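There are 2 protein chains.
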Amino acid sequence: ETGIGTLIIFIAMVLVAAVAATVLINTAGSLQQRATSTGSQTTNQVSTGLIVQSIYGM
Amino acid sequence: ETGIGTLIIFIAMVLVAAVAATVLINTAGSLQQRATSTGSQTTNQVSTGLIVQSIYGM
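Set out below in structure tokens:
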């Protein structure tokens, strides 16, 4: 009967959907750390600087 | 069995997803050239100018 064949494919459908879910989570986690670090590094880059007061010679 | 019907629809699902992918790429490529040209033309527009030095009559 059709009942047996339906159950077999059902298991396969669940496993496939889990794979595509894993890709999206892993990619978002990788891009999270890069975007956070870039923002913090740029903030330090703009604000920091050195200034010359006076120059003397002998 | 359900196995035969699943494979047929699978092929159709792949082909449909390719269509929507093509739209997004083609649109982004069209907007790329317009945005690039607008920026370059405006830069030339602001910087360029003529100046009058002196006027003499007879």
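Just so you know, the sequences run in chain order A and B.
Residue 25 is where the first sequence starts when you use the authors' numbering, and the numbers rise one by one after that.
Residue 25 is where the second sequence starts when you use the authors' numbering, and the numbers rise one by one after that.
Think of the CB as a built atom: it goes at the ideal place given N, C-alpha and C, for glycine as much as any other residue.
Would you call the CB atoms of residue i and residue j closer than 8 Å?
i: residue 26 (chain A); j: residue 30 (chain B); result: no
What number of angstroms, rounded off, separates the C-alpha of residue i from the C-alpha of residue j?
i: residue 34 (chain A); j: residue 40 (chain A); result: 10 Å
i: residue 43 (chain B); j: residue 53 (chain B); result: 16 Å
i: residue 78 (chain A); j: residue 68 (chain A); result: 26 Å
i: residue 55 (chain A); j: residue 80 (chain A); result: 51 Å
i: residue 20 (chain B); j: residue 72 (chain B); result: Residue 20 (chain B) falls outside the range modelled here, since chain B spans only 25 to 82, and no answer is possible.
i: residue 58 (chain A); j: residue 51 (chain A); result: 11 Å
i: residue 47 (chain A); j: residue 36 (chain A); result: 18 Å
i: residue 74 (chain B); j: residue 66 (chain B); result: 17 Å
i: residue 61 (chain B); j: residue 70 (chain B); result: 15 Å
Can you list, in chain order, the residues of the segment 27-51 of chain A whose Cβ is nearer than 7 Å to any Cβ on chain B? Under the 7 Å Cβ criterion, the segment 27-51 of chain A contributes 29, 30 and 33.
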